[PDB]
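The chain below stands alone and is given as structure tokens, in the form deposited in one PDB entry.
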């Protein structure tokens, strides 16, 4: 009941009872909150409420201290003090940004902007408030009850009337009734049980609404610049493979934390694993938000680091199949590979946090809270995709507001930049370099002359709000009959429903742009499907076309992005 003010750190007994997270406010700050917002309930040891029997006055501005107790104007004794006076709320030990964070519904981009341009304590209140709000919004969706079971991969669902139906992709994971987590995709709907269970009729599904725990650690610890490599011991015997990164590896050792911007295929994993070879005795925790990113770091480790000094940390509530070739759940191994949400409370000489564009300020905080480290290294690319903000419907979130790390990389620049793409044909490297990298990304590969674009708006149908463009899929089908080397292509679109249709008609494997991030394929076919903010987003577009190692076909809806593709154009 007695703590420190979230704005100025001053001691007080005051918490805002109106704020969903009930944050400590000092007398000066608590006043400035209640006087300029609809927030009027103050909490102490006891609520600031009129103590007169049957009185309903809870608004601190209308209340007085008489003796040791509180009363309104109607009930206060002659000798009483207003609780709100001289810019203060009476409490023990006697802001425009805090008010917007406390009261916003998180549906506007401006809300996320403010949560990332504010002071460090307000980043934490914002992150916890946002996350709390995101969780309570899951409760709003309807229960999904199994009407009938068709097959091992398809059933028919019945949806609770009076509540809306959640989007049916992989981004929305359900819990069966506890018969294991389940996902659904498009009457016949396709089910996927994590645990292989004989799906019974009447069993129901609900989105997991986990309680949002307080935060405590900053998103970033304060920066420290050292004169010499601190707490780490280099080799004088580094493999030529990692020679290029030695100066950057020395920078990692001479700062508290460092940022690395690595555009697609520029050697991020190679850098991360190479850090262990350069500081061979250092204990390194490798972390990312997703099991995929952590597995990708494991695959690289398997090739270059001693397998007996690596462990893959898997939570006992295992949701996806992940990396099997390390000792599982040996926290004390030199090399620990673990999702942010599963991190143990431990220490490390180096923490490597990968795919940083996908992290929230909540994730950055948790990592600082669970891991006490000599050095923190943040790897990714703010020109790639952020974590989906399920509440944000109005405005676009710019890369400089993704999290504290992306904000530094977009403002003062990253500490280190991997400048040569070794994955993509020059046509793709030249396009994205100009689009999101200020012409600083260089091609290693030649032009493949297997990069084509076709401008074809087609016809846009919708499966609810998910878009479909059958004529664009028809153009692809026609191209495949004339280009049989592309039979092996991965089909990519900004929409699951487009992918579902392409799957049946083309038989190609299928990938959303968001699910494709971190992966690479010889040949990619991309149908833009629609001209929307979603489908024209330059980060999404960057990821989409940089998946390709040899060839890409882009069927485009947007003139601007069509014209910027430095590709051979096809007719029909």
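Between two forms, the rigid core is the largest collection of C-alphas that superpose within 1.5 Å. Numbering follows the first chain given and starts at 1.
Item to check | Unmodelled residue 229 in at least one third of other entries with both flanks present | outcome: Other entries vs residue 229: none skip it.
Checklist entry - Quick one: across the other PDB entries of this protein we compared, is residue 319 left without coordinates in at least a third of them? => result Across the compared entries, residue 319 is left out in at least a third.
Checklist entry - What number of residues from the deposited sequence go unmodelled in the gap from residue 177 to residue 178, classed as none, 1 to 3, 4 to 9, or 10 or more? => result The entry leaves 4 to 9 residues without coordinates here.
Checklist entry - From residue 94 to residue 95, how many deposited residues does the entry skip: none, 1 to 3, 4 to 9, or 10 or more? => result Per the record, 4 to 9 deposited residues are absent between residue 94 and residue 95.
Checklist entry - Averaging C-alpha B-factors over each stretch, which comes out higher, 434-442 or 331-339? => result Taking the mean B-factor of the alpha carbons in each, 331-339 is higher.
Checklist entry - If you average the CA temperature factors over each stretch, which comes out higher, 36-44 or 517-525? => result The stretch with the larger mean CA B-factor is 36-44.
Checklist entry - Which is it among 195, 384, 103, 498: the one with the largest CA B-factor in the entry? => result Across 195, 384, 103, 498, the entry lists the biggest C-alpha B-factor for 195.
Item to check | Candidate residues 416, 189, 292, 113, the one whose C-alpha B factor the record puts highest | outcome: Of 416, 189, 292, 113, 189 has the highest C-alpha B-factor.
Item to check | Chain-relative CA temperature factor third for residue 20 | outcome: CA B-factor rank for residue 20: middle third.
Checklist entry - According to the PDB entry, is the CA B factor of residue 531 in the bottom, middle or top third of its chain, that is, lowest, middle or highest? => result Lowest third - that is where residue 531 ends up once the chain's C-alpha B-factors are sorted.
Next on the checklist: Ranking every modelled residue in this chain by its Cα temperature factor as given in the entry, which third contains residue 202?
Outcome noted: Tercile = highest for this residue's CA B-factor.
Checklist entry - Which third of the chain does residue 87 land in by C-alpha B-factor: lowest, middle or highest? => result Ranked within chain, residue 87 CA B lands in the highest tercile.
Checklist entry - Based on the entry's values, in what third of the chain does the Cα temperature factor of residue 217 lie: lowest, middle or highest? => result According to the entry, residue 217 has a C-alpha B-factor in the chain's middle third.
Keep in mind that the form deposited in another entry is not shown, yet the notes after this line are about it.
Checklist entry - With both forms fit on the core, has residue 88 moved 2 Å or more by CA between the shown form and the other one? => result Residue 88 C-alpha, core-superposed: shift of 2 Å or more.
Item to check | residue 59: Cα shift of 2 Å or greater between the shown form and the other one (core-aligned) | outcome: Yes: residue 59 shifts by at least 2 Å between the shown form and the other one.
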